[PDB]
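Given next, in structure tokens, is a single chain: the form deposited without the partner chain.
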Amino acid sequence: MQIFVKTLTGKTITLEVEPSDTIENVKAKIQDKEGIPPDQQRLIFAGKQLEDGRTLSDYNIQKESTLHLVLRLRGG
């Protein structure tokens, strides 16, 4: 399925995922695609910060959903 991840620069990352993907795997995909270390990523769906060890399906994230990506810089 596709999901859309809006970033703070105003760019949207289109990802191909499965509901069975952990949030940690989603952050690995963003590291692929945008070069951002997972440690810096905070993913938000429906106002909730997503937990690395949970899956997209735990959050009821369906095809064509929108997430937000906030970056936390180390030492910030």
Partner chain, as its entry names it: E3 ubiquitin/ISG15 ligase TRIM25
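Only the largest set of C-alpha atoms that superpose within 1.5 Å between the two forms is called the rigid core. Positions refer to the first chain, counted from 1. Shifts are known only where both forms have a C-alpha.
Quick note: we don't show the form solved in complex with the partner chain, though the next part is all about it.
Contact annotation for residue 57: none of its heavy atoms lies within 4.5 Å of the partner chain in the deposited complex. When the partner chain is considered in the deposited complex, residue 9 lines it closely, a heavy atom lying within 4.5 Å. Along 52 to 76, a non-hydrogen atom within 4.5 Å of the partner chain in the deposited complex is carried by 71, 72, in order along the sequence.
Core aligned; the single run of 3 or more residues with all CA shifts at 2 Å or more between this form and the one not shown is 72 to 76.
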